[PDB]
Structures are given as structure tokens and as C-alpha cells.
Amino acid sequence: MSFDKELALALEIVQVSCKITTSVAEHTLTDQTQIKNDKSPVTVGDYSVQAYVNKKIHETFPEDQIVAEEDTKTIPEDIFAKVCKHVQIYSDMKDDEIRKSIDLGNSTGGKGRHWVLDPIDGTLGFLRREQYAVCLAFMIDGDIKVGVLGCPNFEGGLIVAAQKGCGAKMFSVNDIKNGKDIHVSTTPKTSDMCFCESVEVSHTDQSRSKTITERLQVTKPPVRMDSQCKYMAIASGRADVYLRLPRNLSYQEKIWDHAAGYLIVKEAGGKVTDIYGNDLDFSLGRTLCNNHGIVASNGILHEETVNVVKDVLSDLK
């Protein structure tokens, strides 16, 4: 009823993944960047991490399906070229296996055993040379069992990991053998809360979080940061609350944006719901289709915050 094996695999490959991303970042970023048709960026690093991880997962657990962000549908010839080369540093795949590996990420989730991957979470914070994450989780019937977040730029480079029921833990990117426990903060007044949110204005409503926090009488200004590294701040007590605020009722959050962090905050003693206080349902596919937005906190302040968020956002459509 424990998942030691799934968890040892994830720490192993998230840690290499981090080596892969730091080394991709050693070069100029432009000639390594693609603009998806939807306008979002994706880099040589995303494809390299996802090729390596799907390969390692598929070798070790031949029956599990993978849900991951990227695919090869369209991926320019010269980017692919560089992926290939970054990949062969860590495994012997020919350009063939690499494409096949990246394309294993097409599972629709739901029943059974699924791995959930963000090869680079917050790709923009990666071009920004600021916060970003390799995000891996393992679930069964939409219940998260293992979550790993590797964050090469946060406070020196840190890896946090949790399996269900067994607590939360922090590692250096350099040593995944020696970890420490990790518990959310004990902050009991919302006026003393440090709150966090995305840097991008398209990913969260920063005008309304201002309103919410001003009502909660928050003194300090938001720390704006990219990626699931926001869940990792909640979990280690560096931040108090984390808001992700929608502008409509039609955006559905991707499960590779939330699943690893979700379990890590809960194991470290906090609470994660949506903006109406409902628990996240990871069993309805590739997105959290029965949820609207995110509230992640240290548990102490959750309902107090949710009440004010419900209200500032009762007009979504």
C-alpha cells in the first residue's frame, strides 16, 4: 500500500532532469526556443526532459501510461537536433526512440496507473532564468501517490518529494539520498501572510488578488513567481498562501500543473482546494475539469481566504 519504488524512480529521474535543464541553460536561449501554435513557448529542455523521463518510466513500468505536456506533432528540425544531442548524454537512444518516447505522453488519465509529467513547469520562468520545475507525479484512479518537484533555481537548487501518508521532504539537486522534513508555516493571522502568485498576467488575476488580500488586511506585497515552485514554497513554509485566480469558468487547469505540488503541500500539513473551497479532482482526465482555480495554504488560513475569494469572484462566466 506504499509506493517506495515509484518514488525512488521519480527522485532518480527528476534529479537527472535537473542536470539536463541546467546544462541546456548554459547556452543562449533563443535558438533553443519554439513558439507553440497556441503562443506558449517550449524549449530544447522540455523535449529533452520528457524524452528521458518517458523512456525511464516505460522501461521500469512497461504497463503504466503517461500523461505529459509535449508531443512531436510540430517540432522544428533544428530544435529536435539539439534535443537528440542533449539526450544522448544521458541515454543511448537514436532519433527514433526519442520521438517515440516523447509521444508516450498521450494518456487521458482516469482509471488505473498513470504518471503525470511536466518536463519544464513554467517554461517562461526558465527563459527568465528564474523559477521553474521538473514536475513528476504518479497516481491511481486519480489519487496522487507520489509527487516530485525539482527546482534548480530556488534557493540554491532543491528537490521536494512526497508519497501519500509518508510525509514531505527536501533534497539538494546534488544529493537525493539525504533529505529533511518539511512542514508548512504556523502563521495564524492573514495580516502577517506572505502570499504568492504567477508572474504572468494571463495566468492569474493580479488585480483581484490585490482586492482579496487588501480585504484580508495583508501587509506584505505578493511574491510573484513562475511554476509549481509556488507549491514548494507553501510546503516548506516560505510562503503562506498561494492563489491562482481565473477570469472565466471555462479555463480548465492541466493536471501536470498541479498534481505533484498538491500532494506535497498536503503531506507537509497544508491544504489545497479550488477557489470555491472544493477539493481537486484528478480523476476526470488531463485537466481538472470540475475545478475552478487554486487556493493553496498552510491550512490554518484556508477557509478565511476562500470566503473572500468566493466573493471577489462570484461574477465569473
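Residue positions are given as counts along the sequence shown, with the first one as 1.
Higher mean CA temperature factor, per the PDB entry, when comparing 57 to 65 with 34 to 42: 34 to 42. For the pair 71 to 79 and 201 to 209, the mean Cα B-factor is higher in 71 to 79. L158 sits in the middle third of its chain by CA B factor, as recorded in the PDB entry. Among the modelled residues of its chain, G179 has a C-alpha B-factor that falls in the middle third, as given in the PDB entry. Among the modelled residues of the chain, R215 sits in the highest third by CA temperature factor in this PDB entry. Per the deposited record, the Cα B-factor of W115 falls in the lowest third when ranked against the other modelled residues of its chain.
When the modelled residues of the chain are ordered by C-alpha B-factor, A51 sits in the middle third.
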